[PDB]
Amino acid sequence: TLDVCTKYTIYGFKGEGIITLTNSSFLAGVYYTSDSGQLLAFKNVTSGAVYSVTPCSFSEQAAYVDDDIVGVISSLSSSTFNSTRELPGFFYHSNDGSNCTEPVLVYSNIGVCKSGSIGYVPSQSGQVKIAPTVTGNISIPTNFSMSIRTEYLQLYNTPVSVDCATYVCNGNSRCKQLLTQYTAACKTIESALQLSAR
Amino acid sequence: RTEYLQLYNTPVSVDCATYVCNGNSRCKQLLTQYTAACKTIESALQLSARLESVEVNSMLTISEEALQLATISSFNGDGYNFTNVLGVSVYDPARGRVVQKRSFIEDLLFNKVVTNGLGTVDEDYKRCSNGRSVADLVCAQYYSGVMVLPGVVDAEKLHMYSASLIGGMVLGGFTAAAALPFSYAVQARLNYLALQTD
Amino acid sequence: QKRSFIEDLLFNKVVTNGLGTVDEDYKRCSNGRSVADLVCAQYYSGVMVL
Amino acid sequence: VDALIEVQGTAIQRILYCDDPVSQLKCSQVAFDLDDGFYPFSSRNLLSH
Amino acid sequence: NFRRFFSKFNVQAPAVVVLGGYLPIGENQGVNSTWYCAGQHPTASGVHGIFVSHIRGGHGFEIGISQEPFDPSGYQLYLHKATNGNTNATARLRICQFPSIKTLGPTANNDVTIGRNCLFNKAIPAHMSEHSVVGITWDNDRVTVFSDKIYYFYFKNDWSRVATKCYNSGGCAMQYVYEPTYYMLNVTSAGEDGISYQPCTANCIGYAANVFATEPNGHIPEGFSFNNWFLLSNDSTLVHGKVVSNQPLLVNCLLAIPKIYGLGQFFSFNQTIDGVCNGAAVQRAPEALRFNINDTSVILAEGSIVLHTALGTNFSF
Amino acid sequence: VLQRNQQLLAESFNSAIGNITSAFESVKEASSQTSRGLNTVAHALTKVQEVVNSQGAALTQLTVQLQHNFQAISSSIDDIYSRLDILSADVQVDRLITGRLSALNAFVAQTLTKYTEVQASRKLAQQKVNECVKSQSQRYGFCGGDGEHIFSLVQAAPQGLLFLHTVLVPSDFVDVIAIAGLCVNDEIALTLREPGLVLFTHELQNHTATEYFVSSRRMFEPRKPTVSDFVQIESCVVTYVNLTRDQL
Amino acid sequence: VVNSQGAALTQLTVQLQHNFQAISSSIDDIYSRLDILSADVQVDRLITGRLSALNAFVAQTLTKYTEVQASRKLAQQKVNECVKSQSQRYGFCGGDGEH
Ligand SMILES: *[C@@H]1O[C@H](CO[C@@H]2O[C@@H](C)[C@@H](O)[C@@H](O)[C@@H]2O)[C@@H](O[C@@H]2O[C@H](CO)[C@@H](O[C@@H]3O[C@H](CO[C@H]4O[C@H](CO)[C@@H](O)[C@H](O)[C@@H]4O)[C@@H](O)[C@H](O[C@H]4O[C@H](CO)[C@@H](O)[C@H](O)[C@@H]4O)[C@@H]3O)[C@H](O)[C@H]2NC(C)=O)[C@H](O)[C@H]1NC(C)=O
Ligand SMILES: *[C@@H]1O[C@H](CO)[C@@H](O[C@@H]2O[C@H](CO)[C@@H](O[C@@H]3O[C@H](CO[C@H]4O[C@H](CO)[C@@H](O)[C@H](O)[C@@H]4O)[C@@H](O)[C@H](O[C@H]4O[C@H](CO)[C@@H](O)[C@H](O)[C@@H]4O)[C@@H]3O)[C@H](O)[C@H]2NC(C)=O)[C@H](O)[C@H]1NC(C)=O
Ligand SMILES: *[C@@H]1O[C@H](CO)[C@@H](O[C@@H]2O[C@H](CO)[C@@H](O[C@@H]3O[C@H](CO[C@H]4O[C@H](CO)[C@@H](O)[C@H](O)[C@@H]4O)[C@@H](O)[C@H](O[C@H]4O[C@H](CO)[C@@H](O)[C@H](O)[C@@H]4O)[C@@H]3O)[C@H](O)[C@H]2NC(C)=O)[C@H](O)[C@H]1NC(C)=O
Ligand SMILES: *[C@@H]1O[C@H](CO)[C@@H](O[C@@H]2O[C@H](CO)[C@@H](O[C@@H]3O[C@H](CO[C@H]4O[C@H](CO)[C@@H](O)[C@H](O)[C@@H]4O)[C@@H](O)[C@H](O[C@H]4O[C@H](CO)[C@@H](O)[C@H](O)[C@@H]4O)[C@@H]3O)[C@H](O)[C@H]2NC(C)=O)[C@H](O)[C@H]1NC(C)=O
Ligand SMILES: *[C@@H]1O[C@H](CO)[C@@H](O[C@@H]2O[C@H](CO)[C@@H](O[C@@H]3O[C@H](CO[C@H]4O[C@H](CO)[C@@H](O)[C@H](O)[C@@H]4O)[C@@H](O)[C@H](O[C@H]4O[C@H](CO)[C@@H](O)[C@H](O)[C@@H]4O)[C@@H]3O)[C@H](O)[C@H]2NC(C)=O)[C@H](O)[C@H]1NC(C)=O
Ligand SMILES: *[C@@H]1O[C@H](CO)[C@@H](O[C@@H]2O[C@H](CO)[C@@H](O[C@@H]3O[C@H](CO[C@H]4O[C@H](CO)[C@@H](O)[C@H](O)[C@@H]4O)[C@@H](O)[C@H](O[C@H]4O[C@H](CO)[C@@H](O)[C@H](O)[C@@H]4O)[C@@H]3O)[C@H](O)[C@H]2NC(C)=O)[C@H](O)[C@H]1NC(C)=O
Ligand SMILES: *[C@@H]1O[C@H](CO[C@@H]2O[C@@H](C)[C@@H](O)[C@@H](O)[C@@H]2O)[C@@H](O[C@@H]2O[C@H](CO)[C@@H](O[C@@H]3O[C@H](CO)[C@@H](O)[C@H](O)[C@@H]3O)[C@H](O)[C@H]2NC(C)=O)[C@H](O)[C@H]1NC(C)=O
Ligand SMILES: *[C@@H]1O[C@H](CO)[C@@H](O[C@@H]2O[C@H](CO)[C@@H](O[C@@H]3O[C@H](CO)[C@@H](O)[C@H](O)[C@@H]3O)[C@H](O)[C@H]2NC(C)=O)[C@H](O)[C@H]1NC(C)=O
Ligand SMILES: *[C@@H]1O[C@H](CO)[C@@H](O[C@@H]2O[C@H](CO)[C@@H](O[C@@H]3O[C@H](CO)[C@@H](O)[C@H](O)[C@@H]3O)[C@H](O)[C@H]2NC(C)=O)[C@H](O)[C@H]1NC(C)=O
Ligand SMILES: *[C@@H]1O[C@H](CO)[C@@H](O[C@@H]2O[C@H](CO)[C@@H](O[C@@H]3O[C@H](CO)[C@@H](O)[C@H](O)[C@@H]3O)[C@H](O)[C@H]2NC(C)=O)[C@H](O)[C@H]1NC(C)=O
Ligand SMILES: *[C@@H]1O[C@H](CO[C@@H]2O[C@@H](C)[C@@H](O)[C@@H](O)[C@@H]2O)[C@@H](O)[C@H](O)[C@H]1NC(C)=O
Ligand SMILES: *[C@@H]1O[C@H](CO)[C@@H](O)[C@H](O)[C@H]1NC(C)=O
Ligand SMILES: *[C@@H]1O[C@H](CO)[C@@H](O)[C@H](O)[C@H]1NC(C)=O
Ligand SMILES: *[C@@H]1O[C@H](CO)[C@@H](O)[C@H](O)[C@H]1NC(C)=O
């Protein structure tokens, strides 16, 4: 079956997908696979018919709003939403096709308002600094105000200790004498943690 | 002298269930036993993206005034050239407004070392969403359930960012009538570093 | 002298008593006498955060 | 059927289903209330058996 | 009066359930004590449930509920309702630890234990009618609101002192109830009017704790205790936690207080079980059957339980 | 020395305290990105939230690995011990002990890795308090950025320390006329010495009133100059204003 | 470094190609061969391996992100002192000379 979502069973490669025609040309080779090992495009001998299959499933990026979904981002024009606008690189899906003015959720140069409208965020105005001048004129600042800015930093981390034997031996006696063969890892950890703690 | 430092990194997006299940109802209900790890990883990547995104937005600043003075015509040429370094002023494109491309120097290093056709030129996923022809790994890894987040900023933004920052040093008063000669500020710095007599 | 305004406010809002931050008495685990949460268990596992 | 379960002190309450891509993620996040933002989701294609 | 009060809740047409709660009896049926907290035999605990729909000024409704034992690290509630109309009746409801004072306003030292942002902050629409009151009740971790649809919320704290910055109303203008009375509610009319709201006398707790309404989607109506309901586990035990799993909770039909099994009643996984499918009806073959227990003596005495295998082998309990 | 200007800044400080106090609680009321960017409580609470979530980790997985049975009959050593002879169980326990030890070696390495990076990070923050707090920085924007520091109230939070940078803020800009320099008798060039200060003339010669003062370039504190404040040069250029001895 | 960043994603599909102790990696097909029991064993194997791989992935990725946040902290530092301004710290930016 062609160009429909169907149960494909091909040369010991089975599954569900949609097949598509392609016009490639190669005098040799009949099947061509992906890095993962799945086969996308292939040809058949007698007619050289080359076909590419596609999964009957794809991903998308949807936005959670307040307590619901209002915006969806996909690659297919069709959607359950009223409107779908083809923005560069993707389809935006929503029932609100208006213009975003006070974005509530912003990613990259893009942002979305509460109503769901999307928009391009203009760059925020930066602080202005006046360079020195030899002569002529200057706009000397005056009439100053206050602004307090925030900063934090976490300083120290609590240490922890473990006894490998107890952690691995829950009371057995034969265990330790058997495991006498190799213990140096326990040594490395204890010394390291102890010196680190101190 | 020369220095360089990289700024940010390309994010990645993956869905655990799809990555593990290629449309498998039994498998998803099977794997329902363990999911907390998926929650942790998605949260990490999602929270990350947000945190680096806002800080770079805070990193950037704008000054249209420096953009005014950016062009050679808007600079009082004094012996010095700054030709291949100063950004080129391009015509009005379909946008209808005069915009700016990259100067000679960075375009040189880009077209030499930065290979065109790599991940930098972001791919619109529609082309393989229709498919219809043999594609490269990127849609297959999308098929794997992987998508590469678009760059948070743009080279032009940084281009005029760098241009604005560098051009900010020719300012005098608020909206100066003419840019002070670069040499003038030079002896300003020269006397600052050591008052000149001759 | 107790805490000032802001830090105690932020302490209580971000951290609730009984979290990993609060100190613990190890005597009850030795006694047992009741249901045990994790904290005695990982002690039984042999791990100890100082 | 499948649903999210909350047990507290050998008591059970606030049991919610998953018959919704919104609800599926909700139980995929085991939180009654999620956080607004971007979350990637596949194409639900159980339309035809 | 009570017809409009209880008609707001939605339910399938064939329903009869016993309901218990602090139902109103009089406009200003005065309390028999002067206590606001709850303890042993808690009846005159103040206002377990208040219900007001009248105002002498009409400006609006301000409501503040807290606990006088002063546990400031807890949560407080304010309701700001615009007494104008029905769509305008939308009230700003805020469940958050409030920067409030025992005095209803800023005239003394403030309680500032508001570390947490909020537990709820939204505006809920309401409506006006002479026989449509708006009110609030509390019972253990249960909080129920008679305003449009019932609002039930779960949290662990104590609330004992009620007050309002708008007292411009008479005593009869608000109904304050403090004793949980029991009434069996029967509706089969397929309309806003139920058959009766007759008081319930016996088996009320069992009937309330076990009888519910089968939804068209077969989902569980809220507020049900599930007192004798337990996680389906083939092993292990969990005192507390959260999980998603597969459980036999979808319903095809519902029966209660059977009276016919003593005559050799038969059931099969094929046939949809007949009887009064209390609530909605599902034309789905049963996948399992759950049974409530009151007195095993009947089962012990004459409970004749015999099961059959695919090979005809039988086992008799 | 009007004693009022610093008072005017005082209620600005007090009003700022109110907003800062307000912003501490319920950040999500009417938050804005301009109020959520860098040096914002939201950014600050972001940092504190992520670190507390960060520290609340790296222990549960430890319980996870020990729970597993890897390539063995059962995780109960005594069971097989009671249910089997010595040699076969020995093989499995070797596997099992190797599994646990390998996991914890990876664990201890990553933990000490956090330890190494935080040692460096802890060092850096140590200076920050020294300069910005213990002393007065002359750097432009070192403590925070893009401002002129006044002081900073430093406090703590669970297992860390925090900065609130009290910084002066410019609002107005005085537009004044600058003078290139002075030359007198075409012999003496009266010139500046300290670059921070600058000579200037408030107003112009429109009505024979040219107010020659000197003040800092950065700050607007006009005042009359003095000869000793300047320096003399024996060479002159067109940039110097011509004056006579009587005008000195 | 651009060549460096042009890596660390190819290996993912590699073990995805690789089969963790099973007849065949094709989960759907192998599911379509025999009863449920054995298949459940192997599917756990593969999911554990891939999740562990991405757990590794997360560690070094956040590691790069941790080291780089310090890096551009220093970088934003740089754009302040002698970029937006001039200082007297000799050779602080540049070194071996007076800026
Ligand atoms: C009692 O159970 C009946 C079957 O259920 C099982 O058996 C009983 C004994 C219990 O143990 C129970 O627990 C078991 O699960 C149940 O029967 C239902 O209704 C009809 C019965 O005739 C059946 O549905 C039929 O479907 C086919 C289509 O299916 C395929 O059929 C062939 C198979 O090779 C294919 O070639 C087709 O392409 C289809 O893919 C219909 O064709 C069929 O139409 C006619 O079938 C018979 C043939 O003699 C006629 O007599 C009927 O009148 C129909 O006109 C049926 O539609 C099937 O057994 C079952 N189906 C469903 C959907 O449940 C019965 O309903 C149960 N009774 C009660 C009261 O619960
Ligand atoms: C998109 O797809 C769906 C179906 O596939 C449809 O979308 C709906 O379209 C209708 C009509 O176009 C929209 O109805 C609008 O509702 C608004 C919300 O008001 C609510 O609250 C008021 C009380 O304040 C109620 O009276 C009202 O019934 C609503 O419950 C109204 O504001 C709209 O107009 C009314 O209000 C304005 C301003 O107050 C007045 O000026 C008007 O006279 C009128 O009274 C309108 O009634 C509905 O919201 C849409 N739903 C969506 C988008 O999800 C459409 O078929 C299709 N296309 C569009 C464009 O929606
Ligand atoms: C909740 O509310 C519902 C709604 O009223 C109550 O249902 C009523 O129950 C009473 C008590 O049995 C019914 O009264 C008797 O009904 C018998 C059955 O006929 C009714 O039911 C069938 C099936 O539902 C309907 O199709 C039919 O139209 C009838 O409505 C009658 O046979 C009885 O009459 C017999 O006795 C009298 C003498 O007493 C003779 O004169 C008659 O000829 C006849 O022999 C009697 O009428 C009542 O009909 C039910 N209502 C309805 C609408 O059917 C629930 O009982 C109530 N439950 C609780 C707990 O409150
Ligand atoms: C505790 O431990 C027990 C013991 O394993 C677990 O019990 C398992 O429960 C699941 C859930 O239903 C069972 O899975 C079901 O297996 C059925 C097997 O039927 C086949 O095998 C018999 C012979 O045994 C054949 O005669 C028969 O014809 C079948 O070939 C399936 O039929 C079930 O199918 C499900 O999916 C289909 C869709 O394909 C649906 O249409 C069905 O309605 C149904 O949902 C299902 O796969 C499993 O078999 C049980 N184990 C055993 C050993 O039987 C418990 O789950 C576990 N946990 C708890 C909490 O108790
Ligand atoms: C830096 O700081 C100095 C000292 O304050 C400022 O000098 C002040 O300049 C401002 C205007 O820039 C003056 O503010 C206004 O003054 C009004 C009356 O004063 C003069 O107003 C005009 C000026 O255009 C003259 O023509 C007139 O003859 C007066 O002599 C007041 O009525 C104003 O108050 C109203 O506006 C303010 C601001 O909106 C409100 O806050 C008030 O509540 C009220 O509504 C206003 O105060 C001020 O008089 C000057 N002060 C002195 C002592 O002279 C500098 O101007 C300033 N640098 C700047 C702004 O660049
Ligand atoms: C900052 O740096 C500048 C440049 O070194 C110093 O000089 C100022 O320079 C600006 C522009 O370079 C001057 O702005 C000018 O305004 C003037 C306005 O016309 C005056 O003269 C006519 C004729 O006498 C009068 O009729 C009229 O009323 C005004 O009194 C013009 O010279 C310029 O605009 C004219 O020409 C343009 C172009 O042809 C036309 O479009 C205009 O309509 C207008 O006709 C020019 O815009 C500024 O005036 C200069 N300063 C002074 C004091 O004059 C500054 O001194 C320096 N700042 C300080 C504080 O020192
Ligand atoms: C927001 O609303 C605008 C309304 O259209 C116009 O928007 C402004 C440009 C103003 O001129 C308004 O007065 C006017 O009504 C919707 O239309 C589109 O707006 C964009 C925004 O700039 C226009 O920009 C174009 O951008 C491309 C690429 O940069 C250029 O090539 C174009 O020359 C032009 O600059 C665009 O012309 C305009 N019309 C379209 C796209 O048909 C806009 O859709 C809406 N946005 C959202 C998110 O709803
Ligand atoms: C400022 O820089 C520009 C850009 O380089 C200079 O203009 C151009 O300079 C290049 C080389 O500096 C000239 O290239 C010439 O090409 C011919 C033919 O290949 C070759 O024979 C010459 O030896 C030289 O390489 C180019 O002609 C020249 N073009 C123009 C229009 O100037 C400019 O000279 C610089 N000016 C200053 C003041 O620095
Ligand atoms: C410096 O900050 C402290 C702390 O807020 C200020 O003390 C506060 O002063 C206000 C104003 O008097 C007090 O408000 C009071 O409100 C109640 C109602 O809640 C009212 O009845 C009172 O008449 C009064 O207005 C507030 O309680 C008080 N708080 C504390 C902790 O002292 C102080 O005023 C500030 N400094 C200056 C100079 O204002
Ligand atoms: C203040 O005193 C100085 C000291 O002499 C004066 O400088 C002199 O100014 C004249 C007039 O501009 C200069 O003559 C010029 O010569 C150039 C060629 O060098 C010519 O192109 C011009 O057209 C003009 O004729 C002279 O060189 C210059 N000398 C020095 C030593 O600076 C200055 O002019 C006096 N101020 C005023 C306002 O006149
Ligand atoms: C498919 O054919 C292309 C030739 O042009 C196309 O012809 C048909 C198939 C339509 O798709 C039409 O829109 C085009 O103009 C080749 O360029 C292309 O390489 C062929 N595909 C492959 C895989 O070789
Ligand atoms: C709703 O009520 C508020 C307060 O009672 C009032 O301010 C507002 O104007 C009212 N709106 C309408 C549409 O009546
Ligand atoms: C034994 O059980 C029967 C049936 O439940 C019960 O009626 C009877 O009381 C019991 N025997 C005695 C001696 O009580
Ligand atoms: C916060 O700042 C605004 C100006 O942006 C001011 O109007 C307001 O009074 C300040 N808040 C307090 C509590 O001082």
# chains A, B, ... in the order shown; residues from 1 in each chain; ligands from 1

call {"tool": "residues_near_ligand", "arguments": {"ligand": "ligand 5", "cutoff": "10 Å", "atoms": "only C-alpha atoms and all ligand atoms", "output": "number ranges by chain"}}
result
A: 139-144; F: 5, 8, 171-175

call {"tool": "select_by_dssp", "arguments": {"residues": "chain A", "states": "strand (DSSP E or B)", "output": "PyMOL selection string"}}
result
chain A and resi 5-10+13-22+31-33+39-43+50-54+59-65+68-74+83-87+90-94+105-107+110-112+118-120+136-142+145-154+160-162

call {"tool": "closest_residue", "arguments": {"among": "D:28, D:36, D:18, D:3", "to": "chain B", "atoms": "only C-alpha atoms"}}
result
D:28

call {"tool": "atom_distance", "arguments": {"atom1": "atom CA of residue 25 of chain A", "atom2": "atom CA of residue 3 of chain A"}}
result
20.3 Å

call {"tool": "interface_residues", "arguments": {"of": "chain B", "to": "chain D", "cutoff": "8 Å", "atoms": "only C-alpha atoms", "output": "list in words"}}
result
residues 14, 15, 18, 35 and 39 of chain B

call {"tool": "write_last_selection", "arguments": {"atoms": "N, CA, C and O atoms", "output": "compact mmCIF listing (two decimals), in the first residue's frame"}}
result
# COMPACT_ATOMS: atom_id res chain seq x y z
N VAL B 14 14.91 15.90 24.28
CA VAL B 14 14.62 14.48 24.08
C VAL B 14 13.44 14.10 24.97
O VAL B 14 13.28 14.63 26.07
N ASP B 15 12.61 13.18 24.49
CA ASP B 15 11.53 12.60 25.28
C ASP B 15 11.91 11.17 25.62
O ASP B 15 12.20 10.37 24.72
N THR B 18 9.42 8.20 24.18
CA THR B 18 9.58 8.06 22.75
C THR B 18 10.97 7.56 22.41
O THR B 18 11.15 6.71 21.53
N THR B 35 9.82 5.83 36.44
CA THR B 35 9.81 7.05 35.64
C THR B 35 10.47 8.25 36.29
O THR B 35 10.81 9.20 35.58
N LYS B 39 11.75 12.26 34.91
CA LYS B 39 11.33 13.55 35.42
C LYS B 39 12.55 14.40 35.77
O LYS B 39 12.61 15.59 35.45

call {"tool": "residues_around", "arguments": {"residues": "segment 24-32 of chain C", "least_positions_apart": "2", "cutoff": "12 Å", "atoms": "only C-alpha atoms", "output": "PyMOL selection string"}}
result
chain C and resi 17-22+34-44+48-50

call {"tool": "write_last_selection", "arguments": {"atoms": "C-alpha atoms", "output": "compact mmCIF listing (two decimals), in the first residue's frame"}}
result
# COMPACT_ATOMS: atom_id res chain seq x y z
CA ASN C 17 11.80 21.67 60.19
CA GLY C 18 12.29 17.92 59.89
CA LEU C 19 14.13 18.16 56.56
CA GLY C 20 17.72 16.98 56.11
CA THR C 21 18.92 20.29 57.54
CA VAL C 22 17.60 19.68 61.07
CA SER C 34 8.16 2.68 66.76
CA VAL C 35 7.99 2.79 62.98
CA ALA C 36 11.24 3.86 61.37
CA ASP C 37 11.64 6.27 58.47
CA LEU C 38 14.69 6.28 56.20
CA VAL C 39 17.09 8.03 58.54
CA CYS C 40 17.74 5.05 60.79
CA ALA C 41 17.73 2.79 57.73
CA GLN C 42 20.64 4.37 55.94
CA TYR C 43 22.34 4.36 59.31
CA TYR C 44 21.64 0.66 59.15
CA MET C 48 26.71 8.73 57.95
CA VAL C 49 26.57 12.40 57.03
CA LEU C 50 28.51 14.27 59.68

call {"tool": "select_by_dssp", "arguments": {"residues": "chain B", "states": "alpha helix (DSSP H)", "output": "NGL selection string"}}
result
:B and (16-20 or 25-31 or 36-59 or 64-68 or 104-113 or 126-130 or 137-144 or 155-167 or 182-194)

call {"tool": "residues_near_ligand", "arguments": {"ligand": "ligand 12", "cutoff": "7 Å", "atoms": "only C-alpha atoms and all ligand atoms", "output": "short mmCIF file (atom, residue, chain, number, x, y, z; two decimals) with N, CA, C and O atoms, in the first residue's frame"}}
result
data_model
loop_
_atom_site.label_atom_id
_atom_site.label_comp_id
_atom_site.auth_asym_id
_atom_site.auth_seq_id
_atom_site.Cartn_x
_atom_site.Cartn_y
_atom_site.Cartn_z
N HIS E 59 -22.85 46.64 49.64
CA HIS E 59 -21.56 47.04 49.09
C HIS E 59 -20.72 45.84 48.66
O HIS E 59 -20.10 45.87 47.59
N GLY E 60 -20.71 44.79 49.45
CA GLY E 60 -19.87 43.65 49.16
C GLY E 60 -19.73 42.77 50.37
O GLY E 60 -20.24 43.06 51.45
N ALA E 82 -18.02 40.94 45.28
CA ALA E 82 -18.60 42.19 44.83
C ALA E 82 -20.10 41.99 44.72
O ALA E 82 -20.60 41.39 43.76
N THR E 83 -20.84 42.48 45.72
CA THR E 83 -22.28 42.29 45.79
C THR E 83 -22.92 43.28 44.82
O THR E 83 -23.46 44.33 45.20
N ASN E 84 -22.84 42.94 43.54
CA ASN E 84 -23.49 43.71 42.49
C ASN E 84 -24.51 42.88 41.72
O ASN E 84 -25.68 43.26 41.64
N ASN E 88 -20.92 39.61 38.13
CA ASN E 88 -20.13 40.45 39.03
C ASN E 88 -19.97 39.83 40.41
O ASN E 88 -19.12 40.29 41.18
#

call {"tool": "interface_residues", "arguments": {"of": "chain A", "to": "chain D", "cutoff": "10 Å", "atoms": "only C-alpha atoms", "output": "VMD selection string"}}
result
chain A and resid 5 56 to 69 71 to 74 104 to 107

call {"tool": "atom_distance", "arguments": {"atom1": "atom 3 (C, counted along the ligand's line) of ligand 14", "atom2": "atom CA of residue 169 of chain F"}}
result
14.6 Å

call {"tool": "closest_atom_pairs", "arguments": {"of": "chain D", "to": "chain E", "cutoff": "12 Å", "atoms": "only C-alpha atoms", "output": "tab-separated table"}}
result
residue	atom	partner	partner_atom	distance
D:1	CA	E:246	CA	5.1
D:2	CA	E:246	CA	4.3
D:3	CA	E:244	CA	5.3
D:4	CA	E:244	CA	4.0
D:5	CA	E:243	CA	5.1
D:6	CA	E:242	CA	4.4
D:7	CA	E:240	CA	4.6
D:8	CA	E:240	CA	4.2
D:9	CA	E:239	CA	4.8
D:10	CA	E:239	CA	4.3
D:11	CA	E:239	CA	7.6
D:12	CA	E:230	CA	7.5
D:13	CA	E:225	CA	7.7
D:14	CA	E:222	CA	8.8
D:15	CA	E:220	CA	9.1
D:16	CA	E:244	CA	8.9
D:17	CA	E:244	CA	8.7
D:18	CA	E:244	CA	9.0
D:19	CA	E:217	CA	11.2
D:23	CA	E:244	CA	11.7
D:24	CA	E:244	CA	10.3
D:25	CA	E:244	CA	11.7
D:26	CA	E:244	CA	10.6
D:27	CA	E:244	CA	6.9
D:28	CA	E:244	CA	8.6
D:29	CA	E:244	CA	10.2
D:30	CA	E:243	CA	7.4
D:31	CA	E:242	CA	9.5
D:32	CA	E:242	CA	11.2
D:33	CA	E:119	CA	11.6

call {"tool": "residues_near_ligand", "arguments": {"ligand": "ligand 9", "cutoff": "10 Å", "atoms": "only C-alpha atoms and all ligand atoms", "output": "number ranges by chain"}}
result
C: 5; E: 99-101, 103, 105-111; F: 10-11, 14, 17-18, 21

call {"tool": "closest_residue", "arguments": {"among": "B:130, B:141, B:10, B:196", "to": "ligand 11", "atoms": "only C-alpha atoms and all ligand atoms"}}
result
B:130
